[PDB]
Amino acid sequence: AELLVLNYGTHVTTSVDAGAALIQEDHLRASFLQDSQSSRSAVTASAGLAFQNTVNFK
Amino acid sequence: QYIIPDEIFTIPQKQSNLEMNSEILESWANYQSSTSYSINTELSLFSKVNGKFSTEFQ
Amino acid sequence: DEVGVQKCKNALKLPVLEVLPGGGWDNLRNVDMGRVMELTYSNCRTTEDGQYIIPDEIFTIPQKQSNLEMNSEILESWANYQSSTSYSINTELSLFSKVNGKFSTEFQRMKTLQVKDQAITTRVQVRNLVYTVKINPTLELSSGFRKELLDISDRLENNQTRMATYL
Amino acid sequence: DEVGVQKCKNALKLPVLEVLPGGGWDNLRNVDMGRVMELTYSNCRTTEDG
Amino acid sequence: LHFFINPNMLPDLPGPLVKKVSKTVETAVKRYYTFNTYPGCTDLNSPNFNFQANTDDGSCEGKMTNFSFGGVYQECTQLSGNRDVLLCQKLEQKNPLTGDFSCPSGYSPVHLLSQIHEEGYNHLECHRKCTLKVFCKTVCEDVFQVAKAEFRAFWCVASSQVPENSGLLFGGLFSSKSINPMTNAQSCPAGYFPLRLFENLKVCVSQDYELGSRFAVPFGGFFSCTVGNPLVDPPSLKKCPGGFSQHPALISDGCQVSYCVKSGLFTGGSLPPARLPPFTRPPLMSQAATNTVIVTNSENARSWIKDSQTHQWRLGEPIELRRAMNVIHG
Amino acid sequence: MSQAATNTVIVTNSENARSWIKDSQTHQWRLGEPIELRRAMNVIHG
Amino acid sequence: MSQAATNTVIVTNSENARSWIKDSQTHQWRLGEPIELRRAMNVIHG
Amino acid sequence: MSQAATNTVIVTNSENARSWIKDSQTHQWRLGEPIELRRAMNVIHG
Amino acid sequence: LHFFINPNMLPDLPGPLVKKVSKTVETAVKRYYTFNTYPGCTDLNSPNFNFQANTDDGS
Amino acid sequence: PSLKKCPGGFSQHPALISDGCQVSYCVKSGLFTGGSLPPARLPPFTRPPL
Ligand SMILES: *[C@@H]1O[C@H](CO)[C@@H](O[C@@H]2O[C@H](CO)[C@@H](O)[C@H](O)[C@H]2NC(C)=O)[C@H](O)[C@H]1NC(C)=O
Ligand SMILES: *[C@@H]1O[C@H](CO)[C@@H](O)[C@H](O)[C@H]1NC(C)=O
């Protein structure tokens, strides 16, 4: 029974979503977020701006 | 446009999403898998251990 | 010989309408389920403008309607939520009309942005309705769905109530 | 042999008028219902402008 | 979905029998909406805001009334299967405040839920027989039977209004399939002993007042699909006390037991997914399994076997090993 | 020659009672019937 | 509507016991089985 | 041989009264008739 | 994985015997999650931080 | 009885597996804790008997 789990896992996929995705993943120092709750909405829209520059500008 | 097996039905939902923002994850406990999110978030005893040996988590 | 959809596609050389009714629908999650009605392609029916193969039990309504908003709409509370893709099936008159759609990914993404950020939501959309696709009221059930109702049917005969409730 | 609308479409090679009367109509919701009258395509009729 | 289960869609079944199918599916759909309904405070500006709540409870301003947890106790009554399992021993719990199946002097019992528990026990009988010193026959029969037991779980409520000390300062639960959020595991906190309930609930409990006050949560009361808590009116209402938040315990065969608490740790997090069906399990059945073995201890010994009335005569083998499994529904 | 003959009969006294039978190690599992009637004849030479 | 439902079960407790059953006037004679389980559902409108 | 013979007759005394009959476990549900007349003959050898 | 071990998927086996197969695989999957669970301190600012820990121990 | 958690401040670390049961021991070095993240323990966790 344990060799069945080695070969076939713990789950059976019953639905999949077919498509594509393009993902950015930055890591920032935790001191950079600690300013306020209004700095958070400018940290967040800066990362989305850098991602659109990276795809467009060569 | 695709040959599918006999026992499988498809749902056309030709859906595109584009974020002008980011999302902040300041702790690895509440982890979002980004490719297998719905199968990890199931209600079980070991829901806190699902995905914790993935290369994307580690 | 040749049967099914592919007999229709070889004689007509035009695609099949991919948006069909008669399927199951989870009204809490707004996902669609297995097929409840029977889809047959015996009569090679097309739409009246002649651009999609449709099943025999399904009639279409051409309403080639385009909407364009120069404005927005403000949704400052997640209680009165508009689904924007399954709105008419969630707004039915029932006991649990306030719970329909509340486990959808489109709702749960919207609720966690109005609470985390103390926010209000606006929505602008350009909608382009082409067909209304309905079922003829003299349609029969699918082959798989009838089999699983007959298995519940057998347990009610044998006075097996706990096993019928499970199925 | 060949019957119905598709016999008309192969001999004439022109579309079908998609706006037809004889259907049901919900007059509270202004939606249209199932078909009440019978639509037959036996005589291959066209509009007068063809 | 039950609109399309009618005598027109199913013409090869009788009339009243497709109305039993239509009613047992209408009940299953309605049970699915009930288990995914979370009443609570939905106003985000209120201090007792219930994140993870679907329906507006209409109680957005509470009074912050601390209540007294009078403990739990559970009776048992064996119905069948005596001297084999002793179901009424590992399914019995007494109140730590009295050591008895009663509430203390300042309290009163409230009946939560009464259902039937089932377990299975097993006999194994074997005997061996030899005929003409060859042809040894051994049959091994294994009978599986179902032992039943009634349980009645009660719960104590402060109804005398004057306690000295409340008692048993904790109100958090964990099941055999759930997790205590005050430990993030299936365990008690530091200095807590569990009290067994319906089939798998273990309610963590301490009356130390010094080492227990670190983890003691404000407790609100239990209620189920049949009974309400009486901590709202001064029958009941099964709503909430007010200011507290409903949280579900396990499901006892289609009925949902819920408990109220005002931490804030229980409330927040992420939005849970839907509880999908099935919410019950198929029941246990009484069984039987036999194993007959024929061993020929010799050559120069032929054997012919006709297995059933439809089989033909067959030349036998030295080891046979017939098997049978017999099941009876109910 | 000295012989032996057995007759085992299984009688199910009820509906709502299924049964599966595997007749030998080479057979497959088989859905049982209400009356079975296995037979065997055992002969030993001398 | 007022209804009625019957369940007749015939159990043969023995081998060496044959049975023939003619189910209706249009059926032919049929060799019987050890468990039969006829069913009927009778409905009257009003 | 000792024998047994039964004759069950169902008579519907009314219209507006439908009936469904399932003759055995292998039959399907069947729309009933006003007069049924099931028959059975049971023989036991010895 | 044990959801799909039921008498419907395995029609050529008896009823209680496919429930023994379904229970011995449910136990093997549950044993696999238990041996890969590491409770410990997960807060990185605490002095007794347990790196190589999955589950928040609460201590 | 006891809690099988930890003393508190210490860290659980597994000893061997005795036929399906896991024995664990607690320690507070810091040498036992750090390093890299281990891979998953894959099945089988028992051996076939003699
Ligand atoms: C990391 O982010 C902090 C912000 O929290 C940066 O600190 C600021 O840097 C700007 C740029 O010179 C100064 O004008 C500010 O006075 C700094 N402090 C604050 C509180 O804003 C810091 O420079 C960043 N780290 C690095 C290495 O650049
Ligand atoms: C069905 O079985 C239950 C089990 O106790 C019994 O109460 C009920 O009367 C039975 N009904 C019929 C029609 O046999």
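Residues numbered from 1 in each chain as written, not as in the entry; some residues may be left out. Chains lettered and ligands numbered in written order. Part of a larger assembly, values for the part shown. Heavy atoms only, no water. Residues with missing side-chain atoms left out of burial classes, pairs and counts.

Structure determination for this entry is recorded as cryo-EM, at 2.83 Å resolution.

Looking at this structure, how should I read the overall build of chain A?
The number of helices and strands found in chain A is two helices and zero strands. For chain A, whose C-alpha radius of gyration is 20 Å, the value lies well above the compact-globule estimate of 10 Å for 58 residues. When its C-alpha atoms are laid out on the principal axes, chain A stretches across 55 × 30 × 20 Å. (Helix = DSSP H or I, 4+ residues; strand = E, 2+ residues; numbered from the N terminus. Rg over C-alpha atoms; globule rule 2.2 N^0.38 Å.)

Help me understand the overall build of chain B, please; the structure alone is not making it clear to me.
Within chain B, the secondary structure is distributed over one helix and zero strands. Its C-alpha radius of gyration of 16 Å places chain B more than 25% over the 10 Å reference for a compact globule of 58 residues. Oriented by its inertia axes, the alpha-carbon framework of chain B measures out at about 40 × 35 × 20 Å. Looking at the 58 residues of chain B, the share that counts as buried comes to 12%. Approximately 5,200 Å² of chain B is accessible, and the part contributed by carbon and sulfur atoms is 50%. (Buried < 20%, exposed > 50% of the residue type's maximum accessible area, 1.4 Å probe, protein only. Areas by Shrake-Rupley, 256 points an atom, 1.4 Å probe, with all protein chains shown as cover.)

Would you mind showing me how to read the environment of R152 of chain E here?
Residues and elements named next belong to chain E. With respect to the helices and strands, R152 occurs in strand 5 (residues 134–158). Here the alpha-carbon distance between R152 and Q52, two residues 100 residues apart in the chain, equals 31 Å. Non-local contacts of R152, meaning those with residues more than four positions away in its chain, are made with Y73, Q74, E75, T77, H111, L113 and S114. (Contact = heavy atoms within 4.5 Å.)

Honestly, the nonpolar core in this entry has me stumped. Any pointers?
All names here are of chain E. Membership of the largest hydrophobic core comes to 37 residues, with the highest contact counts inside it found for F69, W155, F198 and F222. Contributions of two or more residues to this core are made by strand 3 (69–80), strand 4 (107–131), strand 5, strand 6 (173–174), strand 8 (202–205), strand 9 (219–223), strand 10 (245–252) and strand 11 (255–261). Other than its neighbours up to four places away in sequence, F222 contacts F69, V72, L112, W155, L173, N229, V257, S258 and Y259. Ranked by size, the runner-up nonpolar core spans 20 residues in total, among them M9, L13, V21 and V25. (Core = buried A, V, L, I, M, F, W, Y, C linked by side-chain atoms within 4.5 Å.)

Would you mind going over the sheet that holds strand 2 (residues 17–22) of chain G with me for this structure?
Strands belonging to one sheet form pairs held by backbone hydrogen bonds; the direction of such a pair is parallel or antiparallel. The antiparallel open sheet is built from four strands, whose spatial order is 3(G)-2(G)-4(H)-1(H). Edge positions in the sheet fall to strand 3 (30–31) of chain G together with strand 1 (2–8) of chain H, since each of these pairs with one other strand and no more. Relative to strand 4 (residues 38–44) of chain H, strand 1 of chain H runs antiparallel, the two being bridged by seven bridges. Bridging from a neighbouring strand, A4 of chain H pairs with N42 of chain H of strand 4 of chain H. (Pairing = 2+ DSSP bridges.)

In this structure, what is going on with the site of ligand 1? I would like to understand it.
In the vicinity of ligand 1, the contacting residues are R29, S31, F32 and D35 of chain A. The protein chains hide 21% of the 570 Å² of surface that ligand 1 would expose on its own. (Near = heavy atom within 4 Å.)

Whenever I open this one, the interface of chain F and chain E confuses me. Can you help?
Where the parts come together, the accessible area they lose is often given as the size of the interface. Taken together, the contact pairs 27 residues of chain F with 29 residues of chain E. Here chain F and chain E share an interface that buries about 2,600 Å² over both sides, 55% of which is from carbon and sulfur atoms. Our enumeration of links across chain F and chain E arrives at two salt bridges. The residue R322 of chain E makes a salt bridge to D23 of chain F at a minimum N-O spacing of 3.2 Å. Counting across the chain F and chain E interface gives twelve residue pairs in polar contact. (Buried area = accessible area lost by both parts, 1.4 Å probe. Salt bridge = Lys/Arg side-chain N within 4 Å of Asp/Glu carboxyl O. Polar contact = N/O pair within 3.5 Å; in protein donor to acceptor, adjacent residues only side chain to side chain.)

What should I look at first to understand a positive patch on the surface in this one?
Among the surface-exposed residues, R162 of chain C together with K148, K177 and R281 of chain E lie close enough to one another that they form a single positively charged patch. On the secondary structure map, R162 of chain C appears in helix 5 (residues 161–166). (Patch = residues over 30% accessible without salt bridge, like charges linked within 9 Å, V, L, I, M, F, W, Y side chains within 5 Å. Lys, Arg positive; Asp, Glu negative; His and termini not counted. Charge placed at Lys NZ, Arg CZ, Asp CG, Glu CD.)

Even after reading the chapter, I still don't get the state of the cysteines, so can you show me in this structure?
Each disulfide consists of a covalent bond between the sulfur atoms of two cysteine residues. A full pass over the atoms with the stated rule returns three disulfides over all chains. Paired by a disulfide, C76 of chain E and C88 of chain E hold their sulfur atoms 2.0 Å apart. Taking the sign of the S-S torsion, about 85 degrees here, the bridge from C76 of chain E to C88 of chain E comes out right-handed. On the criterion of sequence distance, the pair formed by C76 of chain E in strand 3 and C88 of chain E in the loop between strand 3 and strand 4 is long-range, its members being twelve residues apart. Of the residues examined, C76 of chain E reaches a relative accessible area of 12% and is grouped as buried. Residue class for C88 of chain E comes out partly exposed when judged on its relative accessible area of 26%. Two residues, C103 of chain E and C156 of chain E, share a disulfide whose sulfurs are 2.0 Å apart. One disulfide, between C103 of chain E and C156 of chain E, carries an S-S torsion of -100 degrees and so falls in the left-handed class. Within this pair, whereas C103 of chain E is found in the loop between strand 3 and strand 4, its partner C156 of chain E is found in strand 5, the two being separated by 53 residues in sequence. In this structure, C103 of chain E and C156 of chain E share a single accessibility class: buried. Here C44 of chain D is not disulfide-linked; the sulfur of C8 of chain D is the nearest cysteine sulfur, at 3.6 Å. Residue class for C44 of chain D comes out partly exposed when judged on its relative accessible area of 32%. (Disulfide = S-S within 2.5 Å.)

Just to check I follow, could you spell out the sheet that holds strand 7 (residues 193–196) of chain E for this structure?
Residues and elements named next belong to chain E. Sheet architecture is open: three strands sit in the order 6-8-7, paired in antiparallel fashion. With one partner strand each, in any of the chains shown, strand 6 and strand 7 form the two edges of the open sheet. Across four bridges, the pairing between strand 7 and strand 8 is antiparallel. Opposite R196, over in strand 8, you have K202 as the bridge partner.

It is not clear to me how the packing of aromatic side chains should be interpreted in this structure. Could you clarify?
Residue and element names in this part refer to chain E. Throughout the structure, instances matching the rule amount to 27 aromatic pairs over all chains. Considering the side-chain rings of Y73 and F101, the 6.2 Å spacing of their centres and the 65 degrees angle between planes classify their relative orientation as edge-to-face. Highlighted residues: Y73 in strand 3 and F101 in the loop between strand 3 and strand 4, separated in sequence by 28 residues. Given a relative accessible area of 4%, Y73 falls into the buried group. (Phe/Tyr/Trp six-rings, centres within 6.5 Å; stacked < 30°, edge-to-face > 60°.)

Hey, could you run me through the pattern of salt bridges in this one?
Side-chain pairing between opposite charges can occur once the charged atoms of the two side chains come close. Across all of its chains, the model carries 29 salt bridges over all chains by this definition. With a closest N to O distance of 3.4 Å, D49 of chain C and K64 of chain C form a salt bridge. Separated by 15 residues along the polypeptide, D49 of chain C in the loop between strand 2 (31–35) and strand 3 (58–68) and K64 of chain C in strand 3 bring together distant segments of the chain. Assessed through its relative accessible area of 18%, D49 of chain C is described here as buried. With relative accessibility at 51%, the residue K64 of chain C sits in the exposed group. Notably, a salt bridge pairs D23 of chain F with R30 of chain F, separated by 3.4 Å at the nearest N-O pair. Given the relative accessible area of 1%, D23 of chain F is considered buried.

What is the right way to look at the arrangement of the chains in this model?
Separated without contact, chain D and chain I have their nearest C-alpha atoms at a distance of 40 Å. Without any contact between them, chain C and chain J keep their closest C-alpha atoms 31 Å apart.

Can you walk me through a nonpolar patch on the surface in this structure?
On the surface, a nonpolar cluster with roughly 510 Å² of combined accessible area is contributed by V12 of chain A together with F3, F4, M9, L10 and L13 of chain I. Structurally, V12 of chain A can be placed in the loop between helix 1 (2–8) and helix 2 (40–56).

I'm lost on the pairing of strand 11 of chain E in this one. Help?
Residues and elements named next belong to chain E. Along strand 11, seven of the seven residues are buried, which leaves the element largely enclosed by surrounding structure. For strand 9 and strand 11, the ladder comprises four bridges, and the chain directions are antiparallel. Each bridged residue has a counterpart across the sheet, and for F222 the counterpart in strand 11 is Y259. Counting the residues that bridge the hairpin from strand 10 to strand 11 gives two residues, and of these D253 lies at a positive phi of roughly 60 degrees.

Quick question: what am I supposed to make of helix 3 (residues 105–114) of chain C here?
Structurally, the α-helix is built with 3.6 residues per turn, so residues lying three or four positions apart point the same way. All names here are of chain C. Regarding helix 3, the residues found buried are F107, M110, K111 and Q114. Taken around the axis of helix 3, the buried residues stretch over an arc of 100 degrees, which confines them to a single face. Packing partners of the buried residues in helix 3 comprise strand 4 (74–75) and strand 5 (121–122). By the N-cap criterion, in which a side-chain oxygen at the helix start approaches the backbone nitrogen of a residue two or three places on, helix 3 is capped by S104, the distance to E106 being 3.4 Å. (Arc of directions from axis to C-beta.)

It is not clear to me how the environment of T37 of chain I should be interpreted in this structure. Could you clarify?
Within the secondary structure, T37 of chain I sits in the loop between helix 1 (15–34) and strand 1 (39–40). Judged by relative accessible area, which is 22%, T37 of chain I ranks as partly exposed. Once residues within four sequence positions are removed from consideration, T37 of chain I is found in contact with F46 and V49 of chain B together with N54 and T55 of chain I. A polar side-chain atom of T37 of chain I sits 2.6 Å from the main-chain carbonyl oxygen of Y33 of chain I.

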